[PDB]
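For reference, the structure is listed below as structure tokens.
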Amino acid sequence: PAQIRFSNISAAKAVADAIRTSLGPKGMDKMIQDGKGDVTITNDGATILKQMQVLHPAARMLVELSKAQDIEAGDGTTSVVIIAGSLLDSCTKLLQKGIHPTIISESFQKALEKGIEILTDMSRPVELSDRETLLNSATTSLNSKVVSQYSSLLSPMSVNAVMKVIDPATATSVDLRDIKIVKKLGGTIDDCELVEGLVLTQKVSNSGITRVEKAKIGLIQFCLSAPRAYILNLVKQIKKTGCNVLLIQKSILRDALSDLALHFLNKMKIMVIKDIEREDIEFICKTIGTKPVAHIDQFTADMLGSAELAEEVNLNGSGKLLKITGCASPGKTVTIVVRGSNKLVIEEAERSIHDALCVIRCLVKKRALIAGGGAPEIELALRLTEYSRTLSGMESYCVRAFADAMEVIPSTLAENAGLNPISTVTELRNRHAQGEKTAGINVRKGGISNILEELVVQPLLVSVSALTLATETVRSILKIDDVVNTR
Amino acid sequence: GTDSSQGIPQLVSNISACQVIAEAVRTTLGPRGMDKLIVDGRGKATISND
Amino acid sequence: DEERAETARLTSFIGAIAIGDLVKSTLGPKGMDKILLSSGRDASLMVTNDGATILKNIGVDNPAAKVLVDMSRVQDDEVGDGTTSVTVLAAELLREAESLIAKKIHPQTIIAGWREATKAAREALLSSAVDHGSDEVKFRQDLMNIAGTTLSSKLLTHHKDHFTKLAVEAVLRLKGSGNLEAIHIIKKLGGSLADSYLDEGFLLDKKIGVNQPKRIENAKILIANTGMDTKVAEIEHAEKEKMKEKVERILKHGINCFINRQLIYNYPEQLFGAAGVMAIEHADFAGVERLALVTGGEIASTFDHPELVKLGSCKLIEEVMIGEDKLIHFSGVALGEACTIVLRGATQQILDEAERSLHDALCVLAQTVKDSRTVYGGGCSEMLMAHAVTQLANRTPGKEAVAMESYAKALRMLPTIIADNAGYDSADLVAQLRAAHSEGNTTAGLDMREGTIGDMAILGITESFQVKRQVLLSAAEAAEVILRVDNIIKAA
Amino acid sequence: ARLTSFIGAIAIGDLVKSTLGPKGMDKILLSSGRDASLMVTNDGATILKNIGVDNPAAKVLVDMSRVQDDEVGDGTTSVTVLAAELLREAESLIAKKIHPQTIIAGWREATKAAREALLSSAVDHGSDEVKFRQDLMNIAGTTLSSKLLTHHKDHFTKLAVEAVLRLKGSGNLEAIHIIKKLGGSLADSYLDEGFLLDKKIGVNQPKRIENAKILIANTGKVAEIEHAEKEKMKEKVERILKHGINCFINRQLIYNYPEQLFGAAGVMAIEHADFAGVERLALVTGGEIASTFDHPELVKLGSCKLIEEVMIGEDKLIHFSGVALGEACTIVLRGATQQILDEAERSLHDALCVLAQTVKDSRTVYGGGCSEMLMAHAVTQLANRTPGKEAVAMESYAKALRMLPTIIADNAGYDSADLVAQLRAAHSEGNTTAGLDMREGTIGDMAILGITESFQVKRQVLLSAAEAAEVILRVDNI
Amino acid sequence: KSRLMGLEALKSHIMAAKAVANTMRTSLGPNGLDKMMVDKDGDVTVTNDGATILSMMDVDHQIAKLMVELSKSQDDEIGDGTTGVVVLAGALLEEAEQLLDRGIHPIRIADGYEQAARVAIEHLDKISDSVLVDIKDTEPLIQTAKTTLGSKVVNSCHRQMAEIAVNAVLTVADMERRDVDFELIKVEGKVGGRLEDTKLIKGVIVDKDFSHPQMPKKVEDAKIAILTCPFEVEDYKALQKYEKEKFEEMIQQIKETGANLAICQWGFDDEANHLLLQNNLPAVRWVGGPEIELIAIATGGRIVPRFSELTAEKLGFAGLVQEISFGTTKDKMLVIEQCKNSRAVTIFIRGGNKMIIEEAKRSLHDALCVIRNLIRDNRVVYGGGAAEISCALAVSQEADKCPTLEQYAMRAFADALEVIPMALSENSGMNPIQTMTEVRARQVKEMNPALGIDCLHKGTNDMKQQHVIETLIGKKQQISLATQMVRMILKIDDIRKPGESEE
């Protein structure tokens with residue numbers, strides 16, 4: 001019971017301390033050639049955790065925390081591991097003092113909700129949509145990259161895309177669902193456009209007319225095959241109705257539209273694009289309103305999707321893209337048409353636009369903002385220590401044990417920035433106890449000061465979600481007391 | 001470890017060899033002789049006095 | 001696979017005690033979750049506070065422990081929750097018995113003591129199993145008590161209100177005799193545990209599309225054989241001709257809904273819609289059984305003898321779309337009993353867990369609708385059994401007076417471990433509860449929400465008699481079954 | 001180091017366990033290989049004395065049995081077995097994570113109830129109520145358990161019943177006296193009035209003397225001062241003729257020129273007896289002890305009236321009769337082996353000590369282990385009443401009280417798991433007068449069969465066993 | 001190296017063989033500790049009968065293989081108490097080793113045990129206080145079947161179960177030849193049910209399907225077939241012409257012949273049977289093979305699977321008109337009970353436990369031996385060890401007026417029989433020495449031979465009031481077929497094992 005709980009504690013603490021130095025922007029890169037040749041040179045600990053050979057349960061639950069924190073807010077991936085590992089390390093004192101893990105876990109729950117309610121009103125919240133502070137958070141996020149010169153190229157485009165559809169999803173917050181994204185290799189970085197409706201990037205090359213104002217859309221996933229019976233009837237149905245733009249899928253076989261049916265579908269010259277992407281197929285259907293139907297006898301008259309302008313148009317001079325407006329309910333995931341001749345200006349632009357998405361959905365699910373970089377952790381370690389002084393019973397140390405485990409985030413931020421960690425942490429505590437909350441460690445210049453002047457700030461829900469997930473998994477691993485193999 | 005292939009060891013080995021095969025059928029002499037049980041190896045139990 | 005005398009009963013007791021220890025911590029509403037690895041390649045590091053899935057997932061090769069696992073399966077299919085406590089009590093009785101064999105007492109005397117001790121506990125359960133007025137004068141909160149104590153370590157604390165409301169409409173309407181066939185549980189993904197509400201049917205929509213009407217009223221409904229249609233090509237073609245002759249035989253009814261179980265491709269569905277026929281493919285077969293009695297449509301292989309009016313007849317069947325998901329409410333059944341419950345939550349284990357736990361809750365509620373007598377839980381009944389067996393051991397002479405006393409200890413070790421997994425103090429409170437129960441009579445018991453001695457009839461922590469008698473009897477019988485059996489080909 | 005203390009004490013309690021009760025089986029006191037040859041013994045008291053005990057915690061239990069030894073005599077084995085059984089009970093409670101101090105407090109408040117529940121069944125016998133005989137002969141016989149001397153057991157109870165008229169001042173255990181020779185049997189003891197030393201002047205020294213005023217002597221150009229010291233010891237023998245005495249204790253060695261000159265002056269000089277008999281010579285005859293005897297000139301001597309020395313049947317069978325306080329009722333057996341020398345003396349000390357406890361206070365409880373079952377049921381009923389963890393600590397205190405009539409039934413050869421449990425069940429309703437009979441091996445009325453035991457040894461066992469338990473339980477290290 | 005032979009061979013086998021007896025000597029008596037049975041495959045059950053224990057166990061030494069071979073040749077003889085043959089095997093082998101310590105040749109020990117058995121069986125006939133009028137003994141047959149069920153709560157339904165037993169031995173009672181044959185197999189055990197639903201049906205209810213799954217099952221007529229007829233679009237049109245042909249020739253050959261309830265064992269299409277249903281006659285598809293005798297005896301006929309030989313006097317035959325739901329949650333099974341009596345008779349068991357199925361077949365067969373031994377030889381002995389103590393006293397008495405060294409066999413014999421009341425008293429949780437010698441002293445002071453060991457923990461040691469009753473054939477066969485194998489083991493000395501390469 002205790003001998004396996006201690007092994008869970010030690011394994012999760014060891015897998016948390018393997019990425020503990022990578023906290024902060026000065027977090028150094030790693031190299032683990034474990035497995036069969038992994039040259040793992042990266043300063044970000046999320047991809048380090050995704051390549052860690054993990055056999056222990058409690059070591060794998062923090063890898064689950066990493067992906068959970070990346071799903072909820074997209075930032076603070078190493079923080080939810082370091083907080084959890086320091087908490088589980090601090091559980092050993094409570095275990096050896098005599099407290100049962102149930103009391104430890106419920107006192108951590110009490111300390112968690114106390115820390116959430118302490119963080120939620122010590123913020124500097126935004127009052128409106130406040131597009132100026134969205135661009136301010138973009139300067140905190142979309143810059144310090146190679147898209148720093150593409151920051152004004154990319155931030156107000158997404159800001160205006162949320163301005164277009166302030167979409168009712170999780171209390172009118174930013175979903176992954178504003179206006180459908182595409183990306184095209186080649187072009188310049190300035191060749192991004194904000195669209196209204198469906199765009200296709202793939203190569204449709206029709207000499208005839210694909211430019212119909214009432215562009216009727218179907219999704220026939222029935223391609224052509226090789227034994228005339230189950231071959232031409234869908235094209236006869238096309239001649240019946242007149243769906244002039246239809247996205248082709250090769251779900252049946254490989255010869256998708258052979259010249260028998262291809263000239264039949266080039267006697268009116270339908271849009272032809274094959275091998276459509278499976279996760280975006282259902283979003284395309286949510287856009288259009290047609291039915292994703294492969295059975296050619298299930299093609300009905302109510303499968304006729306709507307489109308207004310459908311062209312194989314050379315957008316930006318040469319990009320033969322198929323843009324579509326005028327649908328049933330278009331708008332599937334926030335549009336940044338990533339064009340770039342270089343490859344790094346493709347991938348970093350799209351990755352930073354996803355970063356911008358995961359911070360603006362953080363900025364409006366919870367509409368507050370704090371000064372990041374070790375300041376709220378010191379604030380929690382002060383106020384929870386006072387609360388644990390007020391608290392009675394065996395929980396009175398555990399919340400205190402919750403407090404000191406909060407202190408690893410500034411200290412690592414003190415250590416990775418080269419400062420002497422313990423003295424700078426307690427000097428930060430002395431400054432905060434008589435001064436302000438926003439005092440912390442400016443890692444961007446390497447010095448302890450008021451961060452709200454030096455502008456290293458973060459939305460509140462990153463810290464709240466990281467504390468929630470870390471306390472949840474610490475609670476679970478404390479409650480875990482038995483394992484068994486051999487089913 | 002005992003090597004016996006010279007002439008007096010030859011005859012001594014021969015008569016020890018007849019003594020052991022005589023002991024293999026020693027008790028079965030007479031009408032009320034003692035039974036000996038052997039098998040085939042696969043489970044064919046044969047009790048005999050012949 | 002032969003054994004010896006001292007070794008075989010010892011390793012049998014060790015295997016059974018190890019099984020009871022592997023369901024020890026997952027007991028009561030303070031469960032410490034064990035992790036079930038199945039090493040394989042990517043076995044999910046699954047947490048669970050329910051012990052039935054542990055014993056279902058334990059791969060055990062000690063056959064006495066396999067007998068213990070099988071008796072836990074008998075208790076699992078009998079009542080549902082409580083098999084953890086049954087296995088814990090059985091392994092506790094075996095731990096008690098091997099201490100008696102350490103004192104060199106014959107096992108038959110141990111079984112002879114345990115039998116009359118079990119009979120004394122069985123009548124001491126009736127001594128305090130008072131019938132609450134939750135079905136007599138129709139209290140609702142005491143149905144919530146009995147459907148809260150067996151609902152421990154579960155997800156539906158929001159719509160335990162809805163499950164107890166289903167218990168109210170079960171004692172009012174859905175009693176067949178306490179119908180255990182109406183237990184109809186569905187859910188999909190997206191949201192949390194606060195989305196459970198009423199239905200009366202399963203979730204399969206009109207497979208013609210939205211073109212099929214909603215109110216397809218009078219469903220003459222059964223199972224068909226093959227899809228309808230118009231020298232291997234010619235032999236299947238003449239089969240297509242005979243099957244069109246068969247749709248000419250089924251169209252003269254005037255059906256609305258139908259359940260064609262086999263997978264239906266295009267022109268079968270087209271001639272279904274041309275004949276107004278529904279095609280529903282391989283649902284939960286217990287729900288099709290509710291389509292067979294609450295609605296009417298039984299299972300069938302062919303349909304050559306039922307031809308005109310020889311089907312199941314109902315009044316109203318619809319297939320709707322609510323909440324952008326396949327949510328279909330078969331409103332208008334002939335006998336309104338199989339009220340389905342639809343939820344929309346997060347994980348997929350609740351697809352089995354809510355179904356089995358509503359089966360457990362409705363099983364103990366069916367125990368109440370046969371007999372609403374109940375005792376006060378929290379180990380108060382266990383203290384009553386231990387006290388009665390202790391006094392009967394103080395009266396009984398002979399060697400068997402030892403064998404009862406350990407039995408009473410096996411009762412007193414039951415609420416201790418629930419206190420031990422509570423995190424709260426165990427030995428002192430169980431000792432104070434025992435000393436109080438000796439003279440401050442049986443209305444006092446243990447509460448672990450505050451961790452104290454208290455009046456359980458005031459705090460209302462009830463437990464139905466028909467599950468507790470079942471627990472005591474099954475645990476004692478399993479312990480005596482393995483106690484009779486010593487040294488054979490018993491284990492490897 | 002708390003476990004090995006329990007182990008060392010449990011081993012000492014086990015090495016008197018199979019000698020418990022008067023069906024006990026003997027152990028071997030083999031020793032250092034010089035002359036260790038053999039020693040069989042049913043007496044567990046002398047077993048632990050000849051044990052070279054290694055663990056110092058077991059030495060504490062040994063000296064607690066030593067405290068029990070000089071108190072009443074027999075009772076060391078019961079105290080040691082009960083204390084080791086309490087420790088074997090307590091180490092099972094320690095492994096269930098209970099603090100030892102709670103177990104000690106539970107021992108204390110359980111031992112209080114077990115002490116008063118002896119007083120609830122305090123039955124007084126008619127030898128100190130209606131001047132009966134056989135009721136105190138029962139306790140005088142069962143204190144003679146694991147022994148042989150049952151023929152003149154009536155002579156032992158005669159020395160008991162003559163004590164309440166002659167040899168009690170306050171139940172005096174100094175007027176008793178035991179000696180024996182070898183050759184013969186149980187049927188040789190009789191009434192004597194002292195030690196066995198004879199007249200020593202020889203065939204001329206007569207038997208009856210007139211008056212024995214009796215104390216201790218001293219002793220009996222360098223050669224001339226040696227003759228002057230001879231003149232001074234010759235001055236002493238002139239100073240003793242004018243006394244008028246007829247016996248004297250001669251504690252220091254003496255050859256014939258002091259000796260014949262003593263006896264010609266009428267001085268019978270008794271050469272260096274053991275001082276325990278000289279205690280009876282000090283007041284029961286009335287002749288004190290000194291080192292010099294210059295200053296007693298007519299007044300500061302001993303005081304007695306008659307001392308006689310006869311020779312009957314192969315002994316130095318001297319009957320020191322006619323003393324001034326005629327109370328030194330001496331047993332002179334002629335036993336079988338050398339073992340009966342200490343056995344008869346120590347067994348009469350053990351018997352007549354609790355017989356003096358009865359002539360102080362003649363209350364008794366029924367023996368055979370039913371009093372142990374009564375204390376067990378009494379502490380079990382108090383265990384069912386009080387809350388807290390200490391209610392567990394009472395229950396194990398019951399269990400050792402179950403083990404004490406168990407072991408008595410165990411060394412009897414009989415089964416002990418059934419009828420001890422049958423006695424425990426029957427004692428709850430078929431009240432206290434029932435009990436275990438070891439000789440016939442059954443359950444019977446102990447008050448009818450008269451197998452009793454003095455209260456002043458049962459209280460001393462039941463108190464001091466828990467007293468030894470609470471000391472060694474509270475010790476943890478070294 | 002090593003070569004085990006000689007008298008040390010005889011020492012090694014005995015401690016081998018009695019070890020097997022040491023496994024089984026804890027299973028003696030109804031209070032014996034019953035015992036699991038675990039296959040190499042992984043199956044698990046419980047059994048108390050020692051014959052199943054020895055048979056389904058797999059032994060390593062050839063003496064134990066001989067032991068289970070010979071004791072399976074005792075199962076046809078008695079089948080009840082085959083444990084005691086192994087117990088006496090170990091007992092006589094231990095006492096024979098004790099005699100071998102003094103130097104007696106084992107041939108002399110063997111025929112001395114034979115002479116002691118010739119004392120034993122004849123003294124068993126001397127103490128035979130049997131009641132021979134046990135023919136119309138329907139009231140003491142309750143007590144006869146009572147001790148067979150005594151280990152369980154089956155005595156609480158022995159007012160059903162023991163009366164099933166007495167009606168079973170009533171129905172099989174061929175009053176002159178007195179035997180259960182291979183046809184009179186008395187078992188239909190419905191796995192699933194309760195205590196009383198094991199009840200009185202002398203008929204055939206097998207798990208085969210229906211003619212039609214909604215057919216009116218009321219076939220009162222004895223006009224009933226059993227077929228050896230298998231199934232053995234112009235292909236399907238010719239086969240459908242063969243199908244309506246098979247109708248108008250097999251069923252019309254039936255109309256010539258009289259084989260109406262066509263229970264076919266093989267393939268068929270039920271629409272021909274449905275047109276038979278419109279003509280109101282049944283026919284079942286895909287039925288089982290070897291149940292033709294059990295079905296056909298239900299008025300007195302025998303196996304008739306033929307097309308043509310099933311005539312109006314050798315029809316498929318039916319027992320007694322009753323209509324109960326066979327499959328409550330199961331498919332309702334065949335009502336093959338309408339018309340007359342079943343001699344090869346078979347009873348309705350609805351035992352939910354495999355233990356109560358195993359005992360109600362094999363203890364009923366043991367009744368079918370010992371109530372056969374109420375007709376074949378109506379000689380009962382009061383068991384419970386009383387027969388063994390009464391026998392052993394006379395064996396020791398006949399070990400006095402005989403002048404040979406063979407005498408020491410008989411005193412070794414009688415004490416070996418004392419293992420039977422010892423293991424009865426040991427498995428019942430009492431003192432094994434003192435109880436048996438107290439009963440022996442009670443017998444040497446009171447000449448009643450029905451004073452045994454109180455295994456049931458009832459009032460007294462008198463087996464009259466508790467009716468612990470074996471038969472004299474079951475006792476004599478036990479003692480004689482323990483002696484005939486103790487002589488067999490003692491006559492075998494050298495197991496020169498083949499393939500075990502003697503170097």
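Going by the structure tokens order, chains are called A, B, ..., each with residues numbered from 1, while ligands are numbered from 1 in the order shown.
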- Could you please write out, as a PyMOL selection string, every residue of chain B that DSSP assigns to strand (DSSP E or B)? chain B and resi 35-38+46-48
- Query: Mind listing as JSON, numbers by chain which residues of chain C are within 6 Å of chain A, counting only C-alpha atoms?
  - Reply: {"C": [32, 33, 34, 35, 36, 37, 38, 57, 58, 59, 266, 423]}
Could you please select, counting only C-alpha atoms, the residues of chain E within 12 Å of chain D and state them as a short mmCIF file (atom, residue, chain, number, x, y, z; two decimals) with N, CA and C atoms, in the first residue's frame?
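Result file out_4.cif:
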```cif
data_model
loop_
_atom_site.label_atom_id
_atom_site.label_comp_id
_atom_site.auth_asym_id
_atom_site.auth_seq_id
_atom_site.Cartn_x
_atom_site.Cartn_y
_atom_site.Cartn_z
N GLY E 429 -14.24 -34.74 13.32
CA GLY E 429 -13.74 -33.77 14.28
C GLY E 429 -13.84 -34.20 15.73
N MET E 430 -13.37 -35.41 16.02
CA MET E 430 -13.34 -35.93 17.38
C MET E 430 -12.00 -36.61 17.62
N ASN E 431 -11.84 -37.16 18.81
CA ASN E 431 -10.64 -37.91 19.16
C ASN E 431 -10.67 -39.26 18.46
N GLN E 434 -9.68 -42.46 21.13
CA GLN E 434 -10.47 -42.70 22.32
C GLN E 434 -11.91 -43.05 22.00
#
```
- Message: Please list as a list in words every residue within 9 Å of range 35-48 of chain B, counting only C-alpha atoms and excluding residues in the same chain fewer than 6 positions away.
- Response: residues 24, 25, 27 and 28 of chain B; 62, 65, 66, 488, 490, 491, 492, 493, 494, 495, 496, 497, 498, 499 and 500 of chain E
Residues of the last selection are to be written out with N, CA, C and O atoms, as a compact mmCIF listing (two decimals), in the first residue's frame.
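Writing done, so here's out-v3.txt:
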```txt
# COMPACT_ATOMS: atom_id res chain seq x y z
N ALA B 24 16.78 -61.09 -12.34
CA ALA B 24 15.59 -60.61 -13.03
C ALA B 24 14.49 -61.66 -13.15
O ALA B 24 13.33 -61.30 -13.36
N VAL B 25 14.82 -62.95 -13.04
CA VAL B 25 13.83 -64.02 -13.07
C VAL B 25 13.94 -64.96 -11.88
O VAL B 25 13.49 -66.10 -11.96
N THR B 27 12.68 -64.83 -8.66
CA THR B 27 11.59 -65.05 -7.72
C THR B 27 10.43 -65.79 -8.37
O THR B 27 9.49 -66.21 -7.68
N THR B 28 10.45 -65.94 -9.69
CA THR B 28 9.29 -66.46 -10.40
C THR B 28 9.28 -67.98 -10.47
O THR B 28 8.36 -68.56 -11.07
N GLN E 62 3.44 -46.61 -10.42
CA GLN E 62 2.65 -47.66 -11.05
C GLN E 62 1.82 -48.45 -10.05
O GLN E 62 0.83 -49.07 -10.44
N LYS E 65 -1.27 -46.56 -10.02
CA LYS E 65 -1.99 -46.87 -11.25
C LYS E 65 -2.71 -48.21 -11.14
O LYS E 65 -3.86 -48.33 -11.58
N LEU E 66 -2.05 -49.20 -10.55
CA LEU E 66 -2.70 -50.47 -10.26
C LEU E 66 -3.89 -50.28 -9.34
O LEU E 66 -4.96 -50.85 -9.58
N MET E 488 -2.18 -58.63 -4.13
CA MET E 488 -1.61 -58.30 -5.43
C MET E 488 -0.39 -57.40 -5.30
O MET E 488 0.61 -57.60 -5.99
N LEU E 490 1.47 -57.14 -2.56
CA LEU E 490 2.50 -57.87 -1.85
C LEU E 490 3.17 -58.93 -2.72
O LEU E 490 4.32 -59.29 -2.48
N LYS E 491 2.47 -59.43 -3.74
CA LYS E 491 3.07 -60.40 -4.64
C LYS E 491 3.97 -59.75 -5.69
O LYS E 491 4.67 -60.47 -6.40
N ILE E 492 3.97 -58.43 -5.79
CA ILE E 492 4.76 -57.71 -6.78
C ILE E 492 5.92 -57.05 -6.07
O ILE E 492 5.71 -56.26 -5.14
N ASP E 493 7.14 -57.36 -6.50
CA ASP E 493 8.34 -56.83 -5.86
C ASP E 493 9.15 -55.94 -6.78
O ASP E 493 9.48 -54.81 -6.41
N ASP E 494 9.49 -56.40 -7.98
CA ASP E 494 10.42 -55.69 -8.85
C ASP E 494 9.64 -55.00 -9.96
O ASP E 494 9.12 -55.65 -10.87
N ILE E 495 9.55 -53.67 -9.88
CA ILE E 495 9.06 -52.87 -11.01
C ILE E 495 10.30 -52.46 -11.79
O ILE E 495 10.90 -51.40 -11.57
N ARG E 496 10.73 -53.32 -12.70
CA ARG E 496 11.76 -52.93 -13.64
C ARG E 496 11.12 -52.04 -14.70
O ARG E 496 10.52 -52.54 -15.66
N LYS E 497 11.23 -50.74 -14.51
CA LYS E 497 10.50 -49.79 -15.34
C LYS E 497 11.13 -49.69 -16.72
O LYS E 497 12.32 -49.43 -16.87
N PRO E 498 10.33 -49.91 -17.77
CA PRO E 498 10.85 -49.81 -19.14
C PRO E 498 11.13 -48.38 -19.54
O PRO E 498 10.47 -47.45 -19.06
N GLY E 499 12.13 -48.18 -20.39
CA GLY E 499 12.50 -46.85 -20.82
C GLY E 499 13.17 -45.99 -19.77
O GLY E 499 13.56 -44.85 -20.08
N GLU E 500 13.32 -46.47 -18.54
CA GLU E 500 14.00 -45.74 -17.49
C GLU E 500 15.37 -46.35 -17.29
O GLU E 500 15.49 -47.46 -16.78
```
Residues of chain C within 8 Å of chain D, only C-alpha atoms counted, as an mmCIF file with C-alpha atoms, in the first residue's frame:
```
data_model
loop_
_atom_site.group_PDB
_atom_site.id
_atom_site.type_symbol
_atom_site.label_atom_id
_atom_site.label_comp_id
_atom_site.auth_asym_id
_atom_site.auth_seq_id
_atom_site.Cartn_x
_atom_site.Cartn_y
_atom_site.Cartn_z
ATOM 1 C CA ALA C 393 -20.738 -17.941 21.586
ATOM 2 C CA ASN C 394 -20.891 -16.929 25.244
ATOM 3 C CA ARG C 395 -23.839 -19.297 25.634
ATOM 4 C CA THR C 396 -22.674 -22.252 23.525
ATOM 5 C CA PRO C 397 -20.393 -24.905 25.094
ATOM 6 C CA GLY C 398 -18.019 -27.196 23.223
ATOM 7 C CA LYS C 399 -15.134 -26.479 20.884
ATOM 8 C CA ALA C 401 -17.654 -21.713 20.800
ATOM 9 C CA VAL C 402 -14.255 -20.777 19.398
ATOM 10 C CA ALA C 427 -9.794 0.829 15.661
ATOM 11 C CA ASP C 428 -10.897 3.383 18.261
ATOM 12 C CA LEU C 429 -14.209 4.224 16.604
ATOM 13 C CA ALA C 431 -14.253 -0.228 19.439
ATOM 14 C CA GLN C 432 -16.407 2.671 20.689
ATOM 15 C CA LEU C 433 -19.198 1.593 18.322
ATOM 16 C CA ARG C 434 -18.995 -1.965 19.662
ATOM 17 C CA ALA C 435 -18.984 -0.844 23.304
ATOM 18 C CA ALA C 436 -21.888 1.493 22.578
ATOM 19 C CA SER C 438 -23.464 -3.596 23.576
ATOM 20 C CA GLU C 439 -25.706 -1.469 25.833
#
```
- Query: What lies within 10 Å of residue 364 in chain E using only C-alpha atoms, ignoring chain neighbours under 6 positions off, as a ChimeraX atom specification?
  - Reply: /E:145,148,161-162,164-166,168-169,186-187,358,370-371
- Name the residues in contact with range 329-335 of chain E at a cut-off of 8 Å, using only C-alpha atoms, excluding same-chain residues fewer than 4 positions from it; report them as a list in words.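 Answer for this query is residues 204, 205, 206, 207, 208, 209, 210, 217, 322, 323 and 325 of chain E.
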Keeping only C-alpha atoms, write the selected residues as a compact mmCIF listing (two decimals), in the first residue's frame.
```txt
# COMPACT_ATOMS: atom_id res chain seq x y z
CA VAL E 204 -38.19 -37.71 -22.03
CA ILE E 205 -37.54 -33.96 -21.97
CA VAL E 206 -34.46 -33.31 -24.12
CA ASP E 207 -33.18 -29.91 -25.27
CA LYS E 208 -34.13 -30.39 -28.94
CA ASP E 209 -36.08 -27.74 -30.83
CA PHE E 210 -39.68 -27.74 -32.02
CA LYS E 217 -47.54 -28.84 -28.82
CA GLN E 322 -48.64 -33.39 -18.62
CA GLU E 323 -47.87 -29.90 -19.95
CA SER E 325 -43.17 -25.07 -19.15
```
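Summary of the local environment: counting only C-alpha atoms, residues at most 7 Å from residue 18 in chain D, other than itself and those fewer than 4 positions away along its chain, are residues 24, 25 and 411 of chain D.
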Output N, CA, C and O atoms for every residue in the selection just made, as a tab-separated table (two decimals), in the first residue's frame.
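Result written to result-v2.tsv:
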```
chain	number	residue	atom	x	y	z
D	24	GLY	N	2.55	-32.00	36.24
D	24	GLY	CA	3.62	-31.43	35.46
D	24	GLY	C	4.72	-32.43	35.17
D	24	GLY	O	5.01	-33.32	35.96
D	25	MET	N	5.30	-32.28	33.99
D	25	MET	CA	6.33	-33.18	33.51
D	25	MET	C	7.69	-32.53	33.74
D	25	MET	O	7.84	-31.31	33.59
D	411	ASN	N	-1.02	-30.17	30.65
D	411	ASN	CA	-0.03	-31.05	31.25
D	411	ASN	C	-0.65	-32.24	31.95
D	411	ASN	O	0.08	-33.13	32.40
```
- Message: Residues near residue 6 in chain A, anyone? I mean within 8 Å using only C-alpha atoms, not counting same-chain ones fewer than 4 positions away, as a PyMOL selection string.
- Response: chain A and resi 2+10+92
Okay, now the selection with N, CA and C atoms, as a tab-separated table (two decimals), in the first residue's frame?
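Generated output (selection-v7.tsv):
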```
chain	number	residue	atom	x	y	z
A	2	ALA	N	1.71	1.41	1.00
A	2	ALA	CA	2.60	2.56	1.05
A	2	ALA	C	3.83	2.36	0.18
A	10	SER	N	7.95	8.66	-6.34
A	10	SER	CA	9.31	8.79	-6.84
A	10	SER	C	9.36	8.79	-8.37
A	92	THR	N	5.33	13.36	0.47
A	92	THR	CA	6.09	12.37	1.23
A	92	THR	C	6.24	12.78	2.69
```
